[PDB]
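Novice: Mind looking over this structure? Questions follow.
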Amino acid sequence: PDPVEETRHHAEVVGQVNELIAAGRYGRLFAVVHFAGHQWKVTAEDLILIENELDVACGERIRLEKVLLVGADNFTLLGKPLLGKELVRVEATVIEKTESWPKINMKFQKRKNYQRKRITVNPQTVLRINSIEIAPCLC
Amino acid sequence: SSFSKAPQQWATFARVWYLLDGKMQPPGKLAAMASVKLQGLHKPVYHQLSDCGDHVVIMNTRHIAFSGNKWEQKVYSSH
Amino acid sequence: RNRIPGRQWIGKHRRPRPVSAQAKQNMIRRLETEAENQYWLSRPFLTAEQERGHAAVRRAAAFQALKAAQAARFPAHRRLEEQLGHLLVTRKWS
Amino acid sequence: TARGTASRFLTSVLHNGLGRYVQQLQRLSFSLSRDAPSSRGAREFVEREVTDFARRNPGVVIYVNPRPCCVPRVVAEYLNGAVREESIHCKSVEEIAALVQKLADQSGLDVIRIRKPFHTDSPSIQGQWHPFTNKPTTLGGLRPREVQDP
Amino acid sequence: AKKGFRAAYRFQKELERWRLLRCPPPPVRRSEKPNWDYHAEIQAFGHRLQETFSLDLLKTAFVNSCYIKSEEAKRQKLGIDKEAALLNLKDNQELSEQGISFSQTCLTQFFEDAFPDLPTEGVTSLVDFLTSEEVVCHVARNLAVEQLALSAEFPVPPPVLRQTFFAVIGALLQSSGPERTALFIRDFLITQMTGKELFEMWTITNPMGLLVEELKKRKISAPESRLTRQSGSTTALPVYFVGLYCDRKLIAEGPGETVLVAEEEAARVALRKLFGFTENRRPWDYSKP
Amino acid sequence: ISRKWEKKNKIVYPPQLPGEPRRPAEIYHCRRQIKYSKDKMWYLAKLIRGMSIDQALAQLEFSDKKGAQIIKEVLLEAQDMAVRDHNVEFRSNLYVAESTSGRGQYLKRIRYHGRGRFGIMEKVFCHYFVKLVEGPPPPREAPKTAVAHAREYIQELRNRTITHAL
Amino acid sequence: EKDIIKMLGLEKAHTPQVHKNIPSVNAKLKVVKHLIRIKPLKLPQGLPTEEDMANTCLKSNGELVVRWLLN
Amino acid sequence: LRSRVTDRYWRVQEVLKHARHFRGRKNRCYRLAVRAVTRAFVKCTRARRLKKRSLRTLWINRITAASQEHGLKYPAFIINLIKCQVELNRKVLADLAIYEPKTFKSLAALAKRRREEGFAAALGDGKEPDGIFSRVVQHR
Amino acid sequence: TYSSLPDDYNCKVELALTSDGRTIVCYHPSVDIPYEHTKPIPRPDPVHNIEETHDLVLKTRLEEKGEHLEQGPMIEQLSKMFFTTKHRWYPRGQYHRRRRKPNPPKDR
Amino acid sequence: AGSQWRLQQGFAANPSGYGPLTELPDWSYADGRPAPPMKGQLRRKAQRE
Ligand SMILES: [K+]
Ligand SMILES: [Mg+2]
Ligand SMILES: [Mg+2]
Ligand SMILES: [Mg+2]
Ligand SMILES: [Mg+2]
Ligand SMILES: [Mg+2]
């Protein structure tokens, strides 16, 4: 399509979605958030297990801003490569700061009498994602 | 989809029958797409442990067209 | 039915393994990189005479620091707290 | 190995942290000795850190029972009913504080292999894939080689 | 005979383990175990839930009529007079009635405000499920309400345990404001429906019949069932998709093993969409009011 | 040696409250140091599992094994204990709940071959254990029908979930 | 060739290292010119000062940006 | 002073507790158990390394399966999505494929539109202004 | 009306780009199966098979006749019914039966 | 993949290289006060300096 008409059509779609998000006509929201080096597909009232220790006390409420993707039943917003902090707000609550089950790492070589056994206990953190909100500000 | 738990699982893992005509079609190109459907490599829910798999019905298999001189050169051997 | 005599990669008779189209491209990609490597080395900023001892104080200081650190190797101090701290083994609640 | 031990899914007890956060640790009981040299770490922890620890965590009840023993122990009970035995035998003061702090942050569920690093209820937003979610519909729902009734 | 004592004693630790496995001990209350101090637990109970309780109210809530009757039999058995103190111990019968009446009223207010389309029968099923036996007993047991409950025959019977849990609600109602107790209900009783779906808590047997009645209220004539998609009609595992069309407009679609099963599932989806109880619905708000 | 089967008859249960189901009787009996072999005695023991005492004696009446007579004596003397020592009426109302054979103490001898060689000979002794329970014999399980196989297979296909899903 | 790599600070692969363009360094690079990638260092904003030492970042194309992600 | 090992019962119990589920005489005899237990741990670590590879391979098959359903191959779906500066790993794309059929169509629709713009530039003189979706936005 | 993919099966995807350039939006509503593309419900398919009256003088008989075929003919009947092989319908030994977990973990 | 395209546009070959997806803090407190810096980010700003 001609870019002159393409830009004009894009304005209508953005306005239509902006009208839809401003009236609160969206249902459940899901978001793809980058956290601790991994990308999680996260919706409200979920749990995620973080493999690295965090310096957050239990019960604290934290906010995540690396939201790659957000969408609902009738619309979906893509980032390049991130969504602005003023558009989508995601909050999570720390629940458990625990240690992983004993994992075994052993190396063995034939007929050379070489055995190495070590047990790894990786500290872990469990997060509860409470709410995902979308602001109605969208150019 | 707001389906109940039982009918939701049944719909996702449903078996689907496909029809594939063979009128002047090489068996290799006929088998390439037929192998995918049998395994279930077309479902995004694929997994080898699961029993996902679709029936395939191939008709007009007498009219296949081997490319080149494979009608006289290719041999099938058994003991 | 047809065997490769002896080991299949050593000796007078080997495997006829040919070069592939992928292998040719890998050679060319490395050749193009090395062609650029020998161009940036062609024209130095300074000549051989202009670099005669331009950075020698730093080289001398670097060696002197190495001598100083290696000459400090000596047993560490021994204090009374280490010896008297062993008596805390039998500390009791009275 | 994973095939030898049991497994469980990532679960939070009583849907904790959704409406409000409740410290799942319930009580601790210290079994130390007043004369045993191996109980020195326990005794130093009680004099200094126990009083401050109780203030920070008002939801736990701390019991100290100095009795003749050789291996000091600390027993932690959680709300769901799990009791975890621990040994503080011959440890430094800061090691006891780290060990007790770790017991305060644990949910109390059994420490075994967790099959998935996430948990979700109703993940099928905007529908879940079924083999009919991307196939176009034919006029009249006719089969590929079906003859029309009229 | 090997010299030593560590080997001899360490095996006694193993012998006890085998005996327990072969003959498991009957469950006993936490009170009879060596570490127990009742007043300390009560104070910690209030701080754990971040609520302010009255110590007189809680101790009144944790004593059941079963315990009082059990005590009196012991007093008569020993022939020791304690009627002045034992008989003058208020039970939790009054508190439980206050808690149950308030909990049903508070839960109904939440659902009517959040789900305007739920009928009177539907909302009654929702509140009854959250205040049912299995849901409340599970919450009470995991909240250390069963550990502090004074009653005989441990483990506490489910009817008794539910009585004690709502007694705590009654104690909280008189200590803090009614709005504070409402948050307590939201945090520990509304959260029990997370993940669960309607018609798993409100069981009905004629979805098609109920759908037509609801459409009459909404002024829609009648649904019409049409077979949308199918895959295999002679196989032992057929798949059918029955869709409901009113005035030639699709409103629901459901799969199933057979047409009769799929058609009912189509009505289930229609009812879930009409009553505003789908799976895409806005998640329940838990933020501070 | 170990003797625990004999002591199982000394267990005294607490009295039953009225309205509870009637407790079926349990009689434990055994014989020690039988000259018959362990493996040979097992086939006879496997024969009479799950059958009532009257038909169990009938089958062992005509068996040609040397252990058939030994087992029949054990059942007959165990039946007398059930009707006299215990309050088990209807001496025909017993079924063999469990029967098995254990190994006893062996005697080692020398068996000669020739060329000055020898082999160690093991005199074989075995034990017999039988438990009789009052009541009609339980009904033997029939093979799974066609519908049962179909029900399990359809149920198996319905338990499937998306592996490594989210 | 191993020693020349070691004495040029190129022990770890895929880690950029800056060297002068004097003939003394170029003499060693010519020996191992088939094991390394050489690109010029570009300075769009010039040499960093003592104030902007901590904000420097080296892009892939071979330029050093003095001010990286301001504010 | 004759020193004898008395805790030998616990010496062999630490080994047999990991071999309780084996088949044959490896779950009872200690000599046969240690060789089985030692090989059990070695296979545990090597499979742990392969666990990441296998799951990555599984995701690509699901992405390819869900991309072919829209008529777009996997190689075209990935490179033409990166050109839109959408940094989604293969883990979440597989999850979007199964539980988000609508959204995965938009990503597939986005990739096809981006791909059709790349071909137009090559077909032209190369002086065509970058496509409305092909414009590069640099954050700095 | 421009779309890289047809709007006939899953949804009517409509892509757009924000004027700022940092966000890509897309309005993707569902598409519903039209009435003309569906066939009427085959309700009375086993109309007479389900409810058959043997006679009008005697009460109907629920006599489910059975053959109880041997293990041989039974397996080959089921395998042809479910389009599987015959090797998985045989039972297994006590060793495999006992090692199955009585209470497998359950999610959701 | 497509690392050749990213190098052409000036970005890193690996999306984890000095991009906006890595430098920025991944979490912060709800009230708004900044979170403590990452161990990795501090180390990466020491070799650059
Ligand atoms: K050779
Ligand atoms: Mg050879
Ligand atoms: Mg060769
Ligand atoms: Mg002789
Ligand atoms: Mg021998
Ligand atoms: Mg022998």
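Protein chains in written order, with the deposited numbering: chain BZ, 71 to 209; chain BR, 2 to 80; chain Be, 9 to 102; chain Bs, 2A, 3 to 151; chain Bt, 31 to 319; chain BA, 45 to 210; chain BG, 82 to 152; chain BY, 10 to 149; chain Br, 35 to 142; chain Ba, 23 to 71. Backbone N, C-alpha and C define an ideal beta-carbon position, used for all residues, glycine too.
#1: Between which two residues does the alpha helix (DSSP H) carrying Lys109 (chain BG) extend?
#2: Can you say whether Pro8 (chain BR) is buried or exposed, counting buried as having 16 or more other CB atoms within 10 angstroms of its CB?
#3: Which chain BR residues are close to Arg159 (chain BA), counting only those with a beta carbon under 7 Å from its beta carbon?
#4: Taking three-plus beta-carbon pairs below 8 Å as touching, is the stretch 154 to 167 of chain BA in contact with the stretch 60 to 70 of chain BA?
#5: Starting from the beta carbon of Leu43 (chain Ba), find every residue of chain BZ whose beta carbon is closer than 8 Å, and list them in chain order.
#6: Going by DSSP, what residue range makes up the beta strand (DSSP E) through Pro285 (chain Bt)?
#7: Establish whether the CB of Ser170 (chain BZ) and some CB of chain Bt are separated by less than 9 Å.
#8: Around the C-beta of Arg133 (chain Br), are 16 or more other C-beta atoms found within 10 angstroms, so that it is buried, or is it exposed?
#9: Measuring only from the beta carbon, is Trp49 (chain Ba) closer than 8 Å to any heavy atom that is part of ligand 3?
#10: Quick check: the Cα distance between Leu132 (chain BY) and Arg124 (chain BY), rounded to an integer number of angstroms?
#11: Output the distance between the C-alpha atoms of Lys249 (chain Bt) and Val198 (chain Bt), rounded to the nearest integer angstrom.
#12: In angstroms with no decimal places, state the Cα-to-Cα distance between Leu42 (chain BR) and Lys111 (chain BY).
#13: Just checking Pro24 (chain Be) against ligand 1 - is the residue's beta carbon closer than 8 Å to any of the ligand's heavy atoms?
#14: Between Bs:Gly42, Bs:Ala7 and Bs:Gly20, which lies nearest to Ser93 (chain Bs) when the distance is taken from Cα to Cα?
#15: Does the distance from the C-beta atom of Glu130 (chain BZ) to that of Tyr40 (chain Ba) stay below 9 Å?
#16: For the candidate residues Br:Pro139, Br:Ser113, Br:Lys73 and Br:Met115, whose alpha-carbon lies nearest to that of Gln260 (chain Bt)?
#17: Take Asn94 (chain Bt) and list the residues in its own chain whose beta-carbon comes closer than 8 Å to its own, dropping the five residues that flank it on each side.
#18: Rounding to the nearest angstrom, what Cα-Cα distance links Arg16 (chain BR) and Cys276 (chain Bt) in this structure?
#19: Looking at ligand 6, does it come within less than 8 Å of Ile154 (chain BA), judged from the CB to the closest heavy atom?
#20: Return the chain-ordered ranges of every alpha helix (DSSP H) run that is complete within the stretch 114 to 193 of chain Bt and spans a minimum of 4 residues.
#21: Express the C-alpha separation of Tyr96 (chain BZ) and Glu109 (chain BY) in angstroms, rounding to a whole number.
#22: Can you pull the chain Bs residues whose beta carbon is under 8 Å from the beta carbon of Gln26 (chain BR), in chain order?
#23: Quick one: does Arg65 (chain BY) have its CB under 9 Å from some CB of chain BR?
#24: When DSSP builds the beta bridges, which residues end up paired with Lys173 (chain BZ)?
#25: Grab the span of the beta strand (DSSP E) containing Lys111 (chain BZ) for me, first residue to last.
#26: State yes or no: is the C-beta of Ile12 (chain Be) nearer than 8 Å to some heavy atom of ligand 2?
#27: Starting from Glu200 (chain BA), trace the beta strand (DSSP E) in both directions and tell me its first and last residue.
#28: Is the beta carbon of residue 22 (chain BZ) less than 9 Å from the beta carbon of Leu138 (chain BZ)?
#29: For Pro76 (chain Br), which residues in the same chain have their Cβ closer than 7 Å to its Cβ, ignoring the five residues on either side in sequence?
#30: Looking only at its chain, what residues have a beta carbon closer than 8 Å to the beta carbon of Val289 (chain Bt), apart from the 5 residues adjacent to it on each side?
#31: What residues from chain BZ crowd round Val95 (chain BY), counting only those whose CB sits closer than 9 Å?
#32: Closer than 8 Å to a non-hydrogen atom of ligand 5 - does that hold for the CB of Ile164 (chain BA)?
#33: Using 8 Å as the cut-off, classify the Cβ of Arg142 (chain Br) as near or not near the heavy atoms of ligand 2, replying yes or no.
#34: Given that a residue counts as buried once 16 or more other Cβ atoms are within 10 Å of its Cβ, and exposed if not, what is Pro124 (chain Bs)?
#35: Would a C-beta distance cut-off of 9 Å place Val146 (chain BY) and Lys150 (chain BZ) closer than the cut-off?
#36: Taking the beta carbon of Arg198 (chain BZ) as the centre, do at least 16 other beta carbons fall within 10 Å, making it buried, or is it exposed?
Specialist: Quick look at the numbers:
#1: On the seventh sequence, residue 109 (chain BG) is found 28 positions in, with the first residue counted as 1. Segment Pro104 to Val112, the alpha helix (DSSP H) holding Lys109 (chain BG).
#2: Counted from its first residue, the second sequence places residue 8 (chain BR) at position 7. By the 10 Å Cβ count, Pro8 (chain BR) comes out buried.
#3: Translated into the one-based positions of the sixth sequence, residue 159 (chain BA) becomes position 115. Under the 7 Å cutoff, chain BR gives no residues; its nearest Cβ is about 51 Å from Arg159 (chain BA).
#4: Because the criterion of three Cβ pairs below 8 Å is not met, the stretch 154 to 167 of chain BA and the stretch 60 to 70 of chain BA do not touch.
#5: The count along the tenth sequence starts at 1 and reaches residue 43 (chain Ba) at position 21. Result: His104, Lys136, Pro151 and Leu152.
#6: As a working note, residue 285 (chain Bt) is residue 255 in the fifth sequence. Segment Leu280 to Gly286, the beta strand (DSSP E) holding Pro285 (chain Bt).
#7: Here residue 170 (chain BZ) is taken as the residue at index 100 of the first sequence, counted from 1. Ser170 (chain BZ) has a beta carbon lying at 9 Å or more from every beta carbon in chain Bt.
#8: Here the question's residue 133 (chain Br) lines up with position 99 in the ninth sequence. Per the 10 Å Cβ criterion, exposed.
#9: Within the tenth sequence, residue 49 (chain Ba) is the residue found at index 27, counting from 1. No; taking the cut-off as 8 Å, the Cβ of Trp49 (chain Ba) has no heavy atom of ligand 3 nearer than that.
#10: Residue 132 (chain BY) sits at position 123 when you count from the first residue of the eighth sequence. Residue 124 (chain BY) sits at position 115 when you count from the first residue of the eighth sequence. Answer to the nearest angstrom: the Cα atoms are 13 Å apart.
#11: Locating residue 249 (chain Bt) in the fifth sequence gives position 219, counting from the first residue. Locating residue 198 (chain Bt) in the fifth sequence gives position 168, counting from the first residue. Looking at the two C-alpha atoms, the distance is approximately 46 Å.
#12: One-based indexing of the second sequence puts residue 42 (chain BR) at position 41. One-based indexing of the eighth sequence puts residue 111 (chain BY) at position 102. Rounded to the nearest whole angstrom, the CA to CA distance from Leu42 (chain BR) to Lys111 (chain BY) is 20 Å.
#13: Indexing the third sequence from 1 puts residue 24 (chain Be) at position 16. Ligand 1 never approaches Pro24 (chain Be) closely enough for any of its heavy atoms to be under 8 Å from the residue's Cβ.
#14: As a first step, residue 93 (chain Bs) must be located in the fourth sequence, where it is residue number 92. The candidate whose alpha carbon is nearest that of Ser93 (chain Bs) is Bs:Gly42.
#15: One-based indexing of the first sequence puts residue 130 (chain BZ) at position 60. One-based indexing of the tenth sequence puts residue 40 (chain Ba) at position 18. No.
#16: The residue given as residue 260 (chain Bt) occupies position 230 in the fifth sequence. Cα-wise, what sits closest to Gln260 (chain Bt) is Br:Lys73.
#17: Reading the fifth sequence from its first residue, position 64 is the one you call residue 94 (chain Bt). For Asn94 (chain Bt), where only same-chain residues beyond five positions count, the Cβ hits under 8 Å are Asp121, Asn122, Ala179, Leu180, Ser181, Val190, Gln193 and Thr194.
#18: For the purposes of this step, residue 16 (chain BR) is taken as residue 15 along the second sequence, with counting starting at 1. For the purposes of this step, residue 276 (chain Bt) is taken as residue 246 along the fifth sequence, with counting starting at 1. Approximately 30 Å between the Cα atoms of the pair.
#19: On the sixth sequence, position 110 is the one that residue 154 (chain BA) refers to. No; taking the cut-off as 8 Å, the Cβ of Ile154 (chain BA) has no heavy atom of ligand 6 nearer than that.
#20: Runs of the alpha helix (DSSP H) inside the stretch 114 to 193 of chain Bt: 123 to 144, 150 to 160 and 163 to 172.
#21: Counted from its first residue, the eighth sequence places residue 109 (chain BY) at position 100. Counted from its first residue, the first sequence places residue 96 (chain BZ) at position 26. Here the C-alpha atom of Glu109 (chain BY) lies approximately 16 Å from the C-alpha atom of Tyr96 (chain BZ).
#22: For the purposes of this step, residue 26 (chain BR) is taken as residue 25 along the second sequence, with counting starting at 1. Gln26 (chain BR) does not reach chain Bs, its nearest Cβ partner there being about 16 Å away, counting only Cβ pairs nearer than 8 Å.
#23: In the eighth sequence, the residue the question calls residue 65 (chain BY) occupies position 56. Contacts with chain BR at 9 Å (Cβ-Cβ) do not include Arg65 (chain BY).
#24: Along the first sequence, one-based indexing puts residue 173 (chain BZ) at 103. Paired residue(s): BZ:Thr190.
#25: Working through the first sequence from its first residue, we reach residue 111 (chain BZ) at position 41. Secondary structure note for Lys111 (chain BZ): its beta strand (DSSP E) is the uninterrupted segment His108 to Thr113.
#26: As a position in the third sequence, residue 12 (chain Be) is number 4, starting the count at 1. Yes, the beta carbon of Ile12 (chain Be) sits closer than 8 Å to at least one heavy atom of ligand 2.
#27: Indexing the sixth sequence from 1 puts residue 200 (chain BA) at position 156. It is not in any beta strand (DSSP E) - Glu200 (chain BA) instead sits in the alpha helix (DSSP H) that spans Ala190 to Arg202.
#28: Because chain BZ is modelled from 71 through 209, residue 22 (chain BZ) falls outside the range shown and cannot be assessed.
#29: Here residue 76 (chain Br) refers to the residue found at position 42 when the ninth sequence is read from its first residue. Once the five neighbours on either side are set aside, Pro76 (chain Br) has no close Cβ partner at all.
#30: In the fifth sequence, counting from the first residue as 1, residue 289 (chain Bt) sits at position 259. The residues are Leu257, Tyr270 and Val272.
#31: Numbered from 1 along the eighth sequence, position 86 holds the residue referred to as residue 95 (chain BY). Within 9 Å Cβ-Cβ: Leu138, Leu139, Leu148, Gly149, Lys150 and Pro151.
#32: Within the sixth sequence, the letter at position 120 stands for residue 164 (chain BA). At least one heavy atom of ligand 5 is nearer than 8 Å to the Cβ of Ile164 (chain BA), so yes.
#33: Taking the ninth sequence and counting its residues from 1, the one referred to as residue 142 (chain Br) is at position 108. Outside the cutoff, so no.
#34: In the fourth sequence, counting from the first residue as 1, residue 124 (chain Bs) sits at position 123. Per the 10 Å Cβ criterion, buried.
#35: Mapped onto the eighth sequence, residue 146 (chain BY) falls at position 137. Mapped onto the first sequence, residue 150 (chain BZ) falls at position 80. Inclusion of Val146 (chain BY) and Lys150 (chain BZ) in the CB contact set at 9 Å is warranted, their separation being smaller than that value.
#36: Here residue 198 (chain BZ) refers to the residue found at position 128 of the first sequence. Buried: at least 16 other Cβ atoms inside 10 Å.
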